[PDB]
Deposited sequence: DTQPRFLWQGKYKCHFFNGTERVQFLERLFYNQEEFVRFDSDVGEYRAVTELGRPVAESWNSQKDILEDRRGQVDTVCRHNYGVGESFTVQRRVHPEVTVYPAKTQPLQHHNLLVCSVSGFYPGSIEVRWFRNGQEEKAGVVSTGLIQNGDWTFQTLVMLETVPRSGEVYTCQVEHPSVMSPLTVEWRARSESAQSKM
């Protein structure tokens, strides 16, 4: 059976809190973006042919433009204050463990928030040959990452720095 989809995306982009804020409205039909309101331009602009008379009608209305131009303050800046404490200011401790996976040493970092994290292998720290699976978003306000080490090979230590933990977390490893 035929399907028809509408998508509305109202994005509030914050650059250093509520100092620099942009509001971006993008409308989609069957996945294709046709029209958009960028606060930096202050008017609606067409993306495809369908959005041409759409942007034409809205831009010709002073009341529509003033409403869309004020979104940065009435919605964007207001919502930043409402959610600040439980989103921007959310801090959850990482859970660090070390295990081997041929030689390749793994440092498992789990359940942390926010995503910003420093993971270093150490006596002297090694910077070359420390492959990572990358930052993985679990979809539940936690992150997980695995930071490997192409070693041959001594005690190996994984050092983790995060905004939640005050002192750097460390986990040592030795084989038997």
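- Counting the deposited sequence from 1, the stretches lacking C-alpha coordinates are 1-2, 104-110, 132-133, 165-167, 191-198.
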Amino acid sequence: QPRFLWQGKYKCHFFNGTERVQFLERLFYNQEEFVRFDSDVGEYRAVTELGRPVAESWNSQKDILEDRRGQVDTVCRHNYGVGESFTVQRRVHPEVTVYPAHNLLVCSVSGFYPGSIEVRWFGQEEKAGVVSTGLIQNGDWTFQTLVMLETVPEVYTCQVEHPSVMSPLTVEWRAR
From here on, numbers count along this sequence of modelled residues.
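- Across the two stretches, 102-110 and 88-96, the PDB entry reports the greater mean Cα temperature factor for 102-110.
- When the C-alpha B-factors of 23-31 and 144-152 are averaged, 144-152 comes out higher.
- Highest CA B-factor among the listed residues (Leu135, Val131, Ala55, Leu65): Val131.
- Sort the modelled residues of the chain by CA B factor and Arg45 lands in the middle third.
- In the deposited entry, the Cα temperature factor of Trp173 places it in the highest third of its chain's modelled residues.
- In this PDB entry, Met166 carries a Cα temperature factor that places it within the highest third of its chain's modelled residues.
- Ranked against the other modelled residues of its chain, the C-alpha B-factor of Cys12 as given in the entry falls in the lowest third.
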